[PDB]
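Undergrad: sequence, then structure. It's an experimental one.
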Amino acid sequence: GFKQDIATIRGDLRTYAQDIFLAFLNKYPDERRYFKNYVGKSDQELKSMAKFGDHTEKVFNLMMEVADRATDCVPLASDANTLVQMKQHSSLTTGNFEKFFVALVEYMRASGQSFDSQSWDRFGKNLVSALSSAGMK
Ligand code: HEM
């Protein structure tokens, strides 16, 4: 279930973080413009940049802590507010996060592993709800 999926991802956070982030950018290439240093870079060039690895690891570590603090896939309002108030997210809208979650759930369904994809979809929906309540446009 969702708890085990958190353990799966955390066990190999590097690999899942890089693979899901790349899935997101591949599915929604226009999103790459927010990441000015990843423009024009192959997947291996990205994996060569210590800074890409560090970014993805920190994003997915935070995502897993938010997921783990959720109850029944309902995140804490305080965690949504962290995400809204981060300077790195200041021009984003909830549609950016929706797309992130569509890509993550599609990755899980395509992986041929037994992720609880329905629960990640619901967590994403509830997180998007919470982001909007905490002031994201
Ligand atoms: C729930 C999903 C997300 C989480 C948990 C998250 C978390 C984070 C964290 C922890 C950082 C800072 C990492 C560091 O200091 O190395 C970060 C940076 C950033 N995030 Fe997010 N983020 C999420 C979704 C998004 C989305 C959807 C976008 C845009 C489409 C985005 C754009 C950025 C940008 C541009 C940075 C700064 C990147 C850089 O330094 O090159 N984030 N995010």
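TA: Ah, there it is. Numbering: from 1, shown residues only.
Undergrad: so what's the residue most central in space within the chain up against?
TA: Central residue of the chain (Cα atoms, centre = their mean): residue 100, 5.7 Å from the mean position. Shown in contact with residue 100 (Cβ atoms under 8 Å, 6 or more residues apart in numbering): 24, 124. (C-beta placed from N, C-alpha, C; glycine too.)
Undergrad: buried set for the host helix or strand of it?
TA: Assigned by DSSP states H and E, residue 100 belongs to helix 94-110. Judged by neighbour count using 16 or more other Cβ atoms under 10 Å, the buried positions of helix 94-110 are 94, 96-97, 100-108.
Undergrad: with stretch 47-64 instead?
TA: By 16+ other Cβ under 10 Å, the buried positions in stretch 47-64 come out as 52, 55-56, 60, 63-64.
Undergrad: now check it, is it near the ligand?
TA: Yes. For stretch 47-64, a contact with the ligand is found by Cβ under 6 Å from any ligand atom, at 54-55, 58-59, 62-63.
Undergrad: contact distance from the ligand - what residues of the protein qualify?
TA: Counting by Cβ under 6 Å from any ligand atom, the residues of the chain that sit close to the ligand are 31, 34-35, 37, 54-55, 58-59, 62-63, 83, 88-89, 92, 96-97, 100.
Undergrad: now with 8 Å, please.
TA: Neighbours of the ligand within the chain, by Cβ under 8 Å from any ligand atom: 24, 31, 34-38, 51, 54-55, 57-63, 66, 83, 86, 88-89, 92, 96-97, 99-101, 127.
Undergrad: returning to that earlier point: which among the residues of stretch 47-64 next to the ligand gets closest to residue 132?
TA: The closest of the residues of stretch 47-64 next to the ligand to residue 132 turns out to be residue 63 (Cβ to Cβ; 18.0 Å).
Undergrad: mind listing the strands for this protein?
TA: With DSSP state E, there are no strands along the chain.
Undergrad: which helices and strands does the longest helix along it pack with?
TA: Longest helix in the chain, counting residues (DSSP state H): helix 50-69. When contacts are defined as 3 or more Cβ pairs under 8 Å, 6 or more residues apart in numbering; DSSP states H and E, helix 50-69 packs onto helix 2-11, helix 13-27, helix 77-85.
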